[PDB]
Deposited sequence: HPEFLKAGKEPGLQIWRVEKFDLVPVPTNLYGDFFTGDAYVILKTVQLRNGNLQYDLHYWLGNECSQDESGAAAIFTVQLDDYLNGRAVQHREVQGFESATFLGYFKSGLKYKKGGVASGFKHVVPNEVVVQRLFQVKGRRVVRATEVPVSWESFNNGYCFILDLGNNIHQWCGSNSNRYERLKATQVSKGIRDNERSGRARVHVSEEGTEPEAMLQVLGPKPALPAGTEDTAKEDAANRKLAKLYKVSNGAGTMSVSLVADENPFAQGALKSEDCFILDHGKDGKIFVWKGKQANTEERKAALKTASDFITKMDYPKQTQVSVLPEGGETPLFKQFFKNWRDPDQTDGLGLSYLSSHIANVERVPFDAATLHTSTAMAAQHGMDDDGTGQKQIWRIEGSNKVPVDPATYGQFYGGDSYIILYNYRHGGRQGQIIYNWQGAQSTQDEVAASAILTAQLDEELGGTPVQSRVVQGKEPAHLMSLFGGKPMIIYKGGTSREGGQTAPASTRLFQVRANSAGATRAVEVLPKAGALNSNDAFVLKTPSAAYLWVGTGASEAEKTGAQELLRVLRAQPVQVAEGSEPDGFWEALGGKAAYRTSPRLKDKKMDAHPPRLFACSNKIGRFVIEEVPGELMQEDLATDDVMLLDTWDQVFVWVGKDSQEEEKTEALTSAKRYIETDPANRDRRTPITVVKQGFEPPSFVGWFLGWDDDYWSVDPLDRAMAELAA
């Protein structure tokens, strides 16, 4: 097919409109408008860092689409995928409920237009149209009858009169949605009228005569998270299904190459169809029909999103339904199966302490706002008070205590502060609770500006490891460093020793079993007789240096041992034999779990989150929102200055619920880091290309209305 040979040769986006079983290219300046009476085929081509190309195939159905037009677009999707050697991820998209990654391709917004090929309409490049504009992250302009009846005071509308474009904002429309509706107006101006058209903004009671002349005289106008965590897995075999796993996280083994699978997430709006390598081609080529039959049989809504993945090319959202997804490539290669397109343009900068003060990009990508060298104060929580820790023992933390670390960070030409609230795993509830309140209290003392990070024992963020000079972070199971009473330590104790990109190490005590070992780390097991230093295959320089800087304060003397080839007195101290972690971990962690940005809300007594599609942009931080920025290691909570006071005070709780509902069954101990608008740390800012320190000095909407 003539357009097939133009398909996906370079990185880019291509949109064809399905016209009487033919693919007709949509003019590029009109990308984002869709005739609701037609169907379209969208090919996103992404370059994969090693130069290869990755394909996301979407077909889109309008509400007034034919069934043969809808069929044509699906047929084209199968055969385009076929022509590109089956490596594409396919997506069925339905007007109004389209996936986030489709939505990422159009961040000027979407325009749903009345008409279709059946009614004689074309993407040509004299007007009188009216659009209802809805949406906060996902902006949609629906064509509506030109009548005051289409209007309501909740939203913004665009009355398009050709050379003049009338954006009208309802009185009860909030000012962020006005800024988004302005994108729509500006688009029509610059893309449909190629700049030579005037945009007139107006509120109610200030409508121009042009607007009242077509619309007449204005009358009076009118004005979730629970469902995410559970999914199930099915094998497909007319077609019928057998249930292979009724609760996630799933076994990656359940996916057999000989068959195809349906991962049902339909109470949350999505099903995946996984195509196995060795499944027969008749079944694979019918992966779209299989899916829609599934949606009908389970009485799911017809808008449900569908993605078909090929084996070896799965997306991160898909794979995170499974416990510990791995491939051979994994450690060797430079990337994984899929590259989430909203981080595809991010240059990866590995850690370099010397230049750390230069690169927010490195701060963000490595969770280090600085080198850890700043002045810091540490307290221990005793009863209802903070007690200064002995500076001699900075770096040691007992699991029966809770601490507060006030730390001053310098990076670039700015100063800021972080309050770390470390909560031991055996600290009593009253003292843990007290540490959380004292953290907030000292946040308010310092003007509400410092970052607050709640971290619990055994999941310490990288930045926290690097505060203690060269000394490692030592984390006892453990007892109490409070002056009242120190326990005699356990008979035999083992310490897992981890490093970070910065080189800093921490030694965290865990129970003395073989099941707690790890190839990637150095361990220190202490027995009555002597002192060991086990050193894994994966272990490196910093991990051993760190492991015997521990051995000095332990008042012990090392007997170094490599993994696998070891004395057996060490395996007596362990009490026997079991398998342990030998697989490496991910610099690829960004690829497996790219950062995602969500808004979230607490009323209707119900927690709701909305993901923001596409590239992380400062513009998506609405000052009347609380946002979640989910780095895999850390969930930042960004609190807008004009969000509700209840929303502000439940910042932590919002994140906790975000994590408790994640279908990935995330770690209950995942650190949460609250940050204030205009006081964001490097680790947060660096995820946003184009961040601007004076972005909020002028109101974003005042800016974009004098700006045009």
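Where C-alpha coordinates are absent, the deposited sequence of this PDB chain has the segments 126-129, 228-235, 250-253, 603, 726-727.
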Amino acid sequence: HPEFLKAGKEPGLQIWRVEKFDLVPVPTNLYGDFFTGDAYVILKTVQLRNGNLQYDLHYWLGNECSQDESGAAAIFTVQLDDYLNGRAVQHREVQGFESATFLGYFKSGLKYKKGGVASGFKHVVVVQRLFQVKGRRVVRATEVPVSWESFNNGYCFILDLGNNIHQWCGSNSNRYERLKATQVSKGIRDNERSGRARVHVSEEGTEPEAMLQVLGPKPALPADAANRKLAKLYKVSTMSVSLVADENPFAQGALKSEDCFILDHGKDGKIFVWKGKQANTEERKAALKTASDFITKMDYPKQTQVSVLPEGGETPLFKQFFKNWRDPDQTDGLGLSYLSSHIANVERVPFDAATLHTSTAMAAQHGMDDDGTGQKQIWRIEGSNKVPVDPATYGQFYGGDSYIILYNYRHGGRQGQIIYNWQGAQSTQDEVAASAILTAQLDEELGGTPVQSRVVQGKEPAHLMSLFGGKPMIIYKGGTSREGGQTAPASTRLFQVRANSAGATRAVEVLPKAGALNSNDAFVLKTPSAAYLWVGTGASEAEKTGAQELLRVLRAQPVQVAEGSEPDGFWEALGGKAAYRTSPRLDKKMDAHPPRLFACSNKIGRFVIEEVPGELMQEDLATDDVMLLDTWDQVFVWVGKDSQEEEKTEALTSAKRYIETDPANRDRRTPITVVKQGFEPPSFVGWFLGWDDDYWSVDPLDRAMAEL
From here on, numbers count along this sequence of modelled residues.
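Checked against the record, the higher mean CA B factor of 628-636 and 539-547 lies with 539-547.
A summary of the deposited B-factors shows that, of 683-691 and 9-17, the stretch with the larger mean C-alpha value is 683-691. As recorded in the entry, 371 carries the highest CA temperature factor of 207, 371, 190, 615. The top Cα temperature factor in the record, among 477, 129, 454, 285, falls on 477. Per the deposited record, the Cα B-factor of residue 532 falls in the highest third when ranked against the other modelled residues of its chain. Split the chain's modelled residues into thirds by C-alpha temperature factor. Residue 135 is in the middle one. In this PDB entry, residue 176 carries a Cα temperature factor that places it within the middle third of its chain's modelled residues. The entry lists a Cα temperature factor for residue 54 that places it in the lowest third of the chain's modelled residues. Per the PDB record, residue ranking by Cα B-factor puts residue 334 in the middle third of the chain.
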